[PDB]
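Don't worry about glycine lacking a Cβ; one is built from the backbone with ideal geometry, like all the others, and counts go over all protein chains shown. Only the coordinates and a few stated rules stand behind these numbers; no lab work does.
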Amino acid sequence: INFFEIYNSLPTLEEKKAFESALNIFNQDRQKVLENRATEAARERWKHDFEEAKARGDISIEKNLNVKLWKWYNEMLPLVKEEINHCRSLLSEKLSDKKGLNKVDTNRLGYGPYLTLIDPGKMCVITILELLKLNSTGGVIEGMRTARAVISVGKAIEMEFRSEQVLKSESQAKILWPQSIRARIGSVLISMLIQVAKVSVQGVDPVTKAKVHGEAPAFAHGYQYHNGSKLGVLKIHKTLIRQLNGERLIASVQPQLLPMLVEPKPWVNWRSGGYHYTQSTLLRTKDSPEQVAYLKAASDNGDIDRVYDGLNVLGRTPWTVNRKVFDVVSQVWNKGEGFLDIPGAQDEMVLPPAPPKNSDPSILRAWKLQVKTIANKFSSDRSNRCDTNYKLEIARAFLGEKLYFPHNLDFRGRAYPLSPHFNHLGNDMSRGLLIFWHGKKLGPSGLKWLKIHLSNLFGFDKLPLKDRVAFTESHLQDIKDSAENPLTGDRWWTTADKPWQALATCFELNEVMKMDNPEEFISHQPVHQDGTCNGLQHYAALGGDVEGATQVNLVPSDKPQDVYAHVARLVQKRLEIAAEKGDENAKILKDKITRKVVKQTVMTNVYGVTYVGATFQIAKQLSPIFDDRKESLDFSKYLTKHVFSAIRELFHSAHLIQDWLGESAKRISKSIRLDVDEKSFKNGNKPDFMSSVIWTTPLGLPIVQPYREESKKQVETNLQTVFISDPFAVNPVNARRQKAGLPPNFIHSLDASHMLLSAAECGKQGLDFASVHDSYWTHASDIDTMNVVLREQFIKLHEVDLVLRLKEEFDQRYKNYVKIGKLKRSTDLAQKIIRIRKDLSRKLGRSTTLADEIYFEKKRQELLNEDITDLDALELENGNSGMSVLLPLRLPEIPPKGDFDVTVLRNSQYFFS
Amino acid sequence: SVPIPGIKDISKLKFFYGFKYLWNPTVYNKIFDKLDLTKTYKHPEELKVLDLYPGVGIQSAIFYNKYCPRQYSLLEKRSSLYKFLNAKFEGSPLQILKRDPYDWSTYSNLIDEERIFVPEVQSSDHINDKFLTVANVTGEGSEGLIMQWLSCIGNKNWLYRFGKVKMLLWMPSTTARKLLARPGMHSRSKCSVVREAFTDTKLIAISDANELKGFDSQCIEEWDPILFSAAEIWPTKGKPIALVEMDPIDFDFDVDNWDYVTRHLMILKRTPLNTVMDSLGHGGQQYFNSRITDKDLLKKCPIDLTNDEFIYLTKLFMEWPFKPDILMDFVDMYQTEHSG
DNA sequence: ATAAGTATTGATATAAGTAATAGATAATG
DNA sequence: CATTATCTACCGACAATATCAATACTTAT
Ligand SMILES: O=c1ccn([C@@H]2O[C@H](CO[P@](=O)(S)OP(=O)(O)OP(=O)(O)O)[C@@H](O)[C@H]2O)c(=O)[nH]1
Ligand SMILES: [Mg+2]
């Protein structure tokens, strides 16, 4: 039943530990059954619903939806079993010459061995679930992309097969399916579903205007043109979309990867951690063999143990669904009216009056654009309502039980939960629902910090801590009113910046206000240490700036200084004088410029944002307040121009480090390795560039930028030819993306490293810790200890100069490379000349370096068939005349690191608050 | 007496933005005799010609010297070409305007707002006698503009609100091969069906001898197109060009449903109609089997269909009770974010 | 002593306001 | 040395196809 309330009822902590142990073992068994029997339980649930509905009657409702699911399954099982029958009847081949040239030749003999390995009902249910889940993705209006659907279903069947194998291996005591086989299997199964699924529909005949009802296919395979490049789509009947925006959707399409009720499998190797049976790799490596190869080398060497410590501390923190906030959101959802973010029930979009054909082409184009805008808004609201429905259903499932989230890393190292649907790292509603399972007494610091958190939520995070406490104290009546009745009241919590977390903390504060001694109260709501321009903090620390560090709350201060606000004010003053000057673009926008609008452009700007991106970012941020056209970008163009003009003067160290990183990335990307290749690829005089930017995280995790130039090809399926890319094809690197992406990835790696160090330390102290990249959460009691730990670990991360260590690591990894040199501009040092010759003898031992290198020169289209030929050719260049030379890659000189003790942050309380 | 620019002057212009023009006066005289424009515009002393993308302005000078229309508007918004036109046709009765003809707004401003060029609207039964439009859309990248100008005939909106205005269009040879393909040829696509449904277009002159291998043989015999060598166009880099006379005709289909049906059938232009009608919505094959009565038509792959069969299929599509929504036929590339 | 598919592959067209936007800018001849 | 075709900061994410011109390849007669 409800475990959380009874557990809280317990007076003594030891009793709590006994209760936790008993629930932990019973939840071990419960989680074990949950993973394997998810599909069987779901299929049994809908077949039961179908049988139950049969007695009552046959109307088009949610029970009918389940009836439809059991009917599609029931009439799809025979087709797939006939396919399996012909697969086993033909897997006993005799001669591979006279075969069915289409249906068996490439189709059935290719996927034959893969259909036998798994029983059919699992494949059918998986295809239905996985096709419904992809509803309205990939840009389709009310369907999915065919490539995404085929690959997702093939991958889900393969992964379910691998779960079956894991279970069989634990019970009794290909490796990675290629993309082509996954595509063929997925296409065949979704084809069968297309050819079985039929749903009743009602239509109006045109000539007589008499309604007619009929049965039509539930799924259909069509195509759609964008930008000239045709796209394949799978459209779902609108009658079924009406029923997917329904409360009972979660029963039909079950979530397999949901928060587990047992302690995650603690991370001991890159291959194992968190989830029990579904293997989860430590890196969300998208499409790279190199990324996993380097991670594997690291794990085998074992030098990343601190990453494991951070992930194990991040994962072992227990949550619980907030019951009161769940009640309020359920009331609001059932009410049906549009709330703060839940868009509200909508039947079908209304389009403006269509313009007459004879109108100027621009008018028709404008109307078509407006139709696209209206359709996008309607599909967005529908998707938001469906997502909220899914989230509220998962929340309803766990109303009492306590849950753990298993964390994983993307390729930089930031920690992202494994559960994609519902997690504390989603939008505001998801955060409001979750509270820390462990409750700790507030205490003297705790009560004040809880108040400061409530002030933070309401947008008053700018002012000093005392002002935040004063703000919380001044609005005690509002807190009691909002807490007593969420709705049918003043609704003060709604005005807050973060709407749901604000009500949750209001409930906590109301309980606190009813106690004579607040410290004795035990609290659950996590307090957020959000971080002011964290990327700027890291740039200032790396460069060693003093003025820059001062602006970014690094140095101890009485009042918090945030760069975004300062630049926003500067821009405001300049825009105000500009509007007075006489331009009309500024007068409308003179005031609206606030911290929120500027912050996105400033952050991206330090990171190398192209101007188009800045124009869009600002357009989206300023669209709500309605000071310019949300649709149009023309009004927003000037504003970004001024933002860039004001910003350029501000930044010096960040620009220096970003420029050095960009230059290093370009030079390293355009470099060619000596050792691996002793053969010219013969594609041309200029070989391909397959060397990628790689550096190590201060924790020891390896980071390899996977910005390659992907090679897609059309592999044939039963439905269509899908334009997919094979992950095993190694390809040259996209120099443009390497150069544009090194700075942000470096700063994000440093940010994630600081998080993992601080997480390991907090978990060592015994404080549960949850972190959304750059804001750390802990109970309002231990917030002071966490505050100490953050600063301390930042020190432990920046005690050593990191940019210099990175440049040294680059020089070590990329010493024996030979950057392709174009016509000369000047000389830097005097070892380039010895590079071309490689005639110095290497006798009696290693230092083979000349031997491998000289043969590479032979691959530079030497003037020969011989030995003294090319060496003579280059003598003129040094003595004069440009050539496409082979000079040794030389990384730039790092910027001068200004003198600034990073250790002065230990006494700044506004660094993280 | 308009002075015609020769190869000497037009050799001096360094930039052309990719447009290839023609400069030989002999082939232009031959072309204007082949077209025989003095049959429809019997009183040229009242005709008003609107020349889009004139460029070098040789066709314009020859046209004026032969017919003397009342108003000849050269809409060329390009630096070197505009300078050329103002240094050669200065004071000349030609009307040289520095206006981009690409943007729709140019026509609205010219005819509607400023009333510099005001032609006379006539009925939609005879090819207009007081308005002639000539255009040189020859850039290899600026082909979609021709498609927009063709689509305007269907809507009767852009310049075809003056009835049936005849167009003299220079165009890449690849565009002329697309537009002028007959049913079943290899180069038959939806551009060809649009051309067939809205216009009847003849090949007046081509810039190559080995290009006639892409057009229909009987139609190539019927048109009798003028030929010339590739040494006649002045920028001699790009592919050969082809002049096409394009006069709108009558039509009584629904242009929106016809667009949908044709665009979605001509995606799979080689699968027989047994299985290509399922891309037109949910349950398309069953319905279009119950409705189409001529089971010989069901074996014509949609590249084999003439336009009349497409009008028939769109009639069945608009008769469909369960027809899908024609207006939400796009991909929401703008903001399908998919946060969860 | 004597040829026709054929799995693989590569080019081209696709829609049509330069994808919902337009200034850099690395990269060939 | 003069002139142009890509994108538009990065991460969680998640992608153009049909057709046919022609190829190397195995069949085999
Ligand atoms: O668009 C973005 C947004 C954020 N980030 C990166 O995510 C991190 C924090 O993202 P945010 O906390 S929200 O934005 P802040 O820059 O921190 O403003 P604040 O001081 O909180 O008022 C931070 O490392 C930023 O560089 C991006 O890289 N790109
Ligand atoms: Mg932050």
### Message
Which numbered condition in (1) closer than 22 Å to B:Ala231 by Cβ; (2) surrounded by fewer than 19 Cβ atoms within 10 Å (Cβ to Cβ); (3) over 24 Å from the mean Cα position of the chain (by Cα) is the only one that B:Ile10 fails?
### Response
(2)
### Any chance B:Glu211 is within 14 Å of another protein chain (Cβ to nearest Cβ), charged (D, E, K, R) and either touching a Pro at 6+ places or on another chain (Cβ under 8 Å) or within 16 Å of DNA strand D (Cβ to nearest atom) (or both)
no
### Task
Having 2 or more residues that are under 26 Å from A:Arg414 (Cα atoms) is the bar; report the helices (runs of 4 or more DSSP H) wholly within the range A:436-538 that clear it.
A:443-457, A:499-513
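For every residue, the table says whether it meets (1) in a loop (DSSP other than H, G, I, E, B); (2) within 14 Å of chain B (Cβ to nearest Cβ); (3) away from DNA strand C (no atom under 16 Å from the Cβ); (4) basic (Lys, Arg).
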{"position": "A:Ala665", "(1), (2), (3), (4)": "no, no, no, no"}
{"position": "A:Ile668", "(1), (2), (3), (4)": "no, no, no, no"}
{"position": "A:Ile672", "(1), (2), (3), (4)": "no, no, no, no"}
{"position": "A:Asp675", "(1), (2), (3), (4)": "yes, no, yes, no"}
{"position": "A:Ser680", "(1), (2), (3), (4)": "yes, no, yes, no"}
{"position": "A:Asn683", "(1), (2), (3), (4)": "yes, no, no, no"}
{"position": "A:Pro687", "(1), (2), (3), (4)": "yes, no, no, no"}
{"position": "A:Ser691", "(1), (2), (3), (4)": "yes, no, no, no"}
{"position": "A:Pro706", "(1), (2), (3), (4)": "yes, no, yes, no"}
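Can you pull out every residue in the range B:48-72 that is at negative phi and of a type in the set (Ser, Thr, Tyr)? Can you show your working first?
Within the range B:48-72, the subset at negative phi is B:48-52, B:54, B:56, B:58-67, B:69-72.
Matches in the range B:48-72: B:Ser60, B:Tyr64, B:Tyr67, B:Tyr72.
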### Task
Tell me which of these A:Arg396 doesn't satisfy, since it passes every other one: (1) part of a helix (DSSP H, G or I); (2) surrounded by 14 or more Cβ atoms within 10 Å (Cβ to Cβ); (3) away from every other protein chain (no Cβ under 14 Å).
(2)
### Query
Checking A:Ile126 against (1) within 14 Å of chain B (Cβ to nearest Cβ); (2) part of a helix (DSSP H, G or I); (3) among the β-branched types (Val, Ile, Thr), which single condition isn't satisfied?
(1)
### helices (runs of 4 or more DSSP H) wholly inside the range B:239-340 that include at least 1 residues being away from chain A (no Cβ under 14 Å) and of a type outside the set (S, T, N, Q)
B:307-319
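Residues of the range A:567-600 being under 30 Å from the mean Cα position of the chain (by Cα) and more than 16 Å from DNA strand D (Cβ to nearest atom), which ones? Spell out how you get there, then give the answer.
Taking the range A:567-600 first, the residues under 30 Å from the mean Cα position of the chain (by Cα) are A:567-568, A:593-600.
Selection gives A:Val567, A:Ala568, A:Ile593, A:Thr594, A:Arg595.
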### Message
As an exercise: evaluate A:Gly273 against (1) within 14 Å of chain B (Cβ to nearest Cβ); (2) small (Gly, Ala, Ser); (3) not in a helix (DSSP H, G or I) and give the number of the one condition it does not meet.
### Response
(1)
### Query
Got a number for residues in the range A:628-652 being assigned to a helix (DSSP H, G or I) and basic (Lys, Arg)?
3
### Message
Restricting to the range A:752-782, count the residues that are surrounded by fewer than 21 Cβ atoms within 10 Å (Cβ to Cβ) and part of a helix (DSSP H, G or I).
### Response
3
### Task
Pick out the one residue from A:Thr550, A:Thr472, A:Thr494 that is away from ligand 2 (no atom under 16 Å from the Cβ) and within 30 Å of A:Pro895 (Cβ to Cβ).
A:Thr550
### Query
In the range B:117-171, what residues are in contact with a strand residue (DSSP E or B) (Cβ under 7 Å, 6 or more places away or on another chain), within 16 Å of DNA strand D (Cβ to nearest atom) and within 14 Å of chain A (Cβ to nearest Cβ)?
B:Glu143
### Task
Taking only the range A:322-375 into account, find how many residues are more than 13 Å from chain B (Cβ to nearest Cβ) and basic (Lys, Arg).
3
### Summary
Over the range A:185-231, the set of residues within 19 Å of A:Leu65 (Cβ to Cβ), at the interface with chain B (Cβ under 10 Å from one of its Cβ atoms) and not aliphatic (A, V, I, L, M) is A:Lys198, A:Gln202, A:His213, A:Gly214, A:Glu215, A:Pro217, A:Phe219
### Message
Looking only at residues that are in a helix (DSSP H, G or I) and of a type in the set (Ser, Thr, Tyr) in the range A:14-72, which one is surrounded by the most Cβ atoms within 10 Å (Cβ to Cβ)?
### Response
A:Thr39
### Task
Taking the residues in the range A:327-367 that are charged (D, E, K, R) and assigned to a helix (DSSP H, G or I) as candidates, determine which candidate is farthest from A:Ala483 (Cα to Cα).
A:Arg365
### Test for A:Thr717: is it among the β-branched types (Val, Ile, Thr) and more than 26 Å from A:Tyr294 (Cβ to Cβ)
yes
### Task
Return the total of residues in the range A:606-627 being away from ligand 2 (no atom under 16 Å from the Cβ), touching a helix residue (DSSP H, G or I) at 6+ places or on another chain (Cβ under 7 Å) and assigned to a loop (DSSP other than H, G, I, E, B).
2
### Query
Any chance the range A:423-438 includes a residue that's aliphatic (A, V, I, L, M), over 20 Å from the mean Cα position of the chain (by Cα), away from ligand 1 (no atom under 16 Å from the Cβ) and within 20 Å of A:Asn517 (Cα to Cα)?
no
### Message
Checking the conditions here, which among A:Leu257, A:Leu240, A:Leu176, A:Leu234 is buried (at least 19 other Cβ atoms within 10 Å of the Cβ), more than 9 Å from chain B (Cβ to nearest Cβ) and of a type in the set (A, V, I, L, M, F, W, C)?
### Response
A:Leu234
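Give A:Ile118, A:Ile141 a once-over and let me know the one that is crowded, with 17+ Cβ neighbours inside 10 Å, within 14 Å of chain B (Cβ to nearest Cβ) and not in a strand (DSSP E or B).
A:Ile141
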### Message
Of all residues being part of a loop (DSSP other than H, G, I, E, B) and surrounded by 19 or more Cβ atoms within 10 Å (Cβ to Cβ) in the range B:118-144, which is farthest from ligand 2 (Cβ to nearest atom)? Just the residue, please.
### Response
B:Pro119
### Query
surrounded by 23 or more Cβ atoms within 10 Å (Cβ to Cβ), among the polar types (S, T, N, Q) and within 15 Å of ligand 2 (Cβ to nearest atom) - does that describe any residue in the range A:553-574?
yes
### Message
Go through the range A:707-755 and report how many residues are aliphatic (A, V, I, L, M) and within 11 Å of DNA strand D (Cβ to nearest atom).
### Response
9
